[PDB]
Amino acid sequence: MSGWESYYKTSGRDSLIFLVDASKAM
Amino acid sequence: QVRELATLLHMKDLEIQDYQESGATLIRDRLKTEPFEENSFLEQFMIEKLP
Amino acid sequence: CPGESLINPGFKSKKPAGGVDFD
Amino acid sequence: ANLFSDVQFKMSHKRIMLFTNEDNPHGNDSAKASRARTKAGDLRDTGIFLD
Amino acid sequence: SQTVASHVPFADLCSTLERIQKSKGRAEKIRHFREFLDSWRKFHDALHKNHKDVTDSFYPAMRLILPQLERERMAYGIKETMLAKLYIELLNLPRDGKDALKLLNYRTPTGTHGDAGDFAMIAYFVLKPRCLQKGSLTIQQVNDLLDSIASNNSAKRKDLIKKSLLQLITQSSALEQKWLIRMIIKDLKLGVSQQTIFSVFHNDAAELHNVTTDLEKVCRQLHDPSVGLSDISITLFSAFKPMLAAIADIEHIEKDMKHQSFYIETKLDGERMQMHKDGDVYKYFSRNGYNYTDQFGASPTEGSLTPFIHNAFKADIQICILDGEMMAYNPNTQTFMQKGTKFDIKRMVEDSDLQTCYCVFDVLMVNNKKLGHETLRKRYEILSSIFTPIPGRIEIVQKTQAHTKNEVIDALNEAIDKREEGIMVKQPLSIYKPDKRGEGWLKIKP
Amino acid sequence: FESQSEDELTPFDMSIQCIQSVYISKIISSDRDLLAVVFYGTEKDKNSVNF
């Protein structure tokens, strides 16, 4: 009887989102 | 000043250790910092940035 | 709270009897 | 704590005294110290005095 | 009498379950389950080289991997709330403390940590600092503890239940205790279907489970994958999954019956029951395989329905299986009390004047004749020659021959008039397929 | 169980003497109170939980 230790051993598509700043500096 | 900063770092390390022992989990795993050791830090500084 | 008996809580630790002590 | 719970009467006070001469019972294992601290905190919350 | 379950640590099963849960696709879960099964079978072969007759099987682990199919064990009597209360008492946690409140109102997301809907996660988090890192319990020990707890709940004793739960808590880790809580609640959320588990166990296991409804026989008979079963059919004293009916559209009903005459029958509201009779030995089984024989009586001498119908069977019939519906009868009016208000046919009070009536609609075995594979008409005819009905205690459901839609609408209108749920339709040539739905039986409601 | 000096009482002896004195005082003063004696660090075990 060997121990239980021996017997177990433990595509797609591109998406883009632009983000334009609307500050007065722009 | 260096000695005082080392003491503060050690206290912060104790805080980290206790927070870990409390079962708390940090949201970001990148913020983890390694334990501070004085000899290792001094050796690294002297070998790298002293010149 | 201060000077509390360690055997019977809720009661002050009675001091030992000293009898007569002349000045 | 289990011994305290076994009592069926009404207890005005609950106290434990620790007779020991080892100030560092758990120095090798940090987890055991944390478990002991947690258990002591739980006992204090339950209303058990420690001496 | 060595058993492999006594050599398998519970931590291994817990780790396997955790790995299965933390898997993306079915392939990895099946691979882990197959690896565990192969290891168990290899260990079984190694251990039982010399012994000839062995009752050892995979049941000890199967009853835990699929708690919902457990029938040998009685109701534990504890759910999330009772388990939280017992954990609070045994752990000596403060009643008004944060942990106790979190455990009790586990559904409240006020904690903002972990999960607000999974009690097992919160139990694991609470027990993480209060539990060891390694356990020392085997599968057999856990099964024995669960059996003790269930029997002791059945015996109206709570101190022993507390002792068993305390032992389990003291001899388990956080993960093991979490898994144990999940099994006690009878939910695992492994993400793998029971059908998949049965299929990986053996090529023909779902059919055997449908016919028998007992994890012991399935685990015992289907051990060597190579060896199969020649023929599997309904057997005496073994619950079989009943055959249900599916919704039907009145418009195309004739098409669903291949343009042939069919049977119209009244829908019966109540329990679904099946009766096994061998001599004076009676067994009653419910819809899902639970044994209700105690209520209705397993012998003519004592019972609630059998003591009156013992002598209602023709002399020839000695072995008999029947399927039917159990409902409540009011004699002072001579009418059936519709299911709902004022009574439950499952736990009727003795003092009530209402009694129990069994309406039969199928026969599956008579004098060691297997009628499962015969047509509905033949089973109906054989049923007509089983018992002489004695109104109020056992009856046969009337079925009317109909081959037009106007008849179906007339029947449904009349059923609504008599304040019934609806009407059902049966195909005369339909075969009995246990556990299947919408094969030859259809139902119609307003 | 070690004595620093030849003419001295070991910690165990002092603990036992204190326990006996407290027992006698409780008997004389309040006989309806509850007392218990437990040991930790022994080889044998005797408790409800079977620790």
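Here is a short report on the structure shown in this document. What you see is numbering from 1 along each chain in written sequence order, possibly unlike the entry, with residues lacking coordinates removed. Starting at A for chains and at 1 for ligands, labels are handed out in the order in which the entities are written. In this entry, the chains presented are a subset of a larger assembly, and the associated values cover only that subset. Hydrogens and waters are ignored; side-chain quantities use all the structure's heavy atoms. Residues with missing side-chain atoms are left out of burial classes, side-chain pairs and their counts.

**Looking at the nonpolar core**
All names here are of chain E. The nonpolar core is taken to be a set of buried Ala, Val, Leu, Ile, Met, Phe, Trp, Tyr and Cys residues, with the residues joined through side-chain atoms within 4.5 Å. Relative accessibility decides the category of a residue: with a 1.4 Å probe and only protein chains considered, values under 20% of the type maximum give buried, values over 50% give exposed, and everything between is partly exposed. In this structure, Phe10, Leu13, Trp40, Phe58, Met62 and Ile65 are the most contacted members of the largest nonpolar core, which totals 74 residues. Ranked by residue count, the leading element in this core is helix α2 (residues 26-47), at seven residues. Contacts are assigned to residue pairs that have any heavy atoms within 4.5 Å of one another. Setting aside chain neighbours within four positions, we find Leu13 in contact with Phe36, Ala61, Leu64, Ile65 and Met183. Core analysis: the next-biggest nonpolar cluster, separate from the first, contains 22 residues, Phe313, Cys320, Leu322 and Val366 among them. Helix and strand labels come from DSSP, where a helix needs a run of H or I of at least four residues and a strand needs a run of E of at least two; each type is numbered from the N terminus.

**As for the interface of chain D and chain F**
With ten residues of chain D in contact, the opposing surface of chain F contributes eight residues. A quick way to say it: buried area is the sum, across both parts, of accessible area lost when two parts are put together, with a 1.4 Å probe. Together, the buried faces of chain D and chain F total about 630 Å²; carbon and sulfur atoms form 72% of this surface. It is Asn2, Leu3 and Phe19 of chain D that lose the most area in chain D upon contact with chain F, and together they represent 51% of the buried surface on that side. Salt bridges are defined by distance alone: a side-chain nitrogen of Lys or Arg within 4 Å of a carboxyl oxygen of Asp or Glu. Summed over the shared surface of chain D and chain F, the result is zero salt bridges. Here the nonpolar group is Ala, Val, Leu, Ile, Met, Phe, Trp, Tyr, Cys and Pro; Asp, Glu, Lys and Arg are the charged ones; every other residue, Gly included, is treated as polar. When its residues are assigned to classes, the side of chain D that touches chain F shows six nonpolar, three polar and one charged.

**Points about the environment of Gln17 of chain F**
All names here are of chain F. Within the secondary structure, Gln17 is located in helix α1 (residues 11-29). Under the relative-accessibility criterion, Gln17 is labelled partly exposed at 45%. Placed 17 residues apart in sequence, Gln17 and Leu34 show a C-alpha to C-alpha distance of 19 Å.

**A word on the sheet that holds strand β11 (residues 437-444) of chain E**
All names here are of chain E. For two strands to be treated as a pair, DSSP must find at least two bridges joining them. Spatially, β1-β11-β10-β2-β9 is the arrangement adopted by the five strands of the open sheet, whose pairing is mixed. Edge positions in the sheet fall to β1 (244-247) and β9 (399-402), since each has one partner strand and no second. The sheet shows a mean angle of 40 degrees between the axes of neighbouring strands, taken without regard to direction. Of the pairings in the sheet, the one linking strand β2 (residues 262-266) to strand β10 (residues 423-426) comprises four bridges and is antiparallel in character. From the neighbouring strand, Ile264 faces β10, where its bridge partner is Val425. For every element, the axis is a line fit to its C-alpha atoms; helices are fit only across the contacting stretch, and the angle between N-to-C directions ranges from 0 to 180 degrees. Strands β2, β9, β10 and β11 of the sheet are contacted by helix α16 (residues 376-384), whose axis makes an angle of about 145 degrees with β9.

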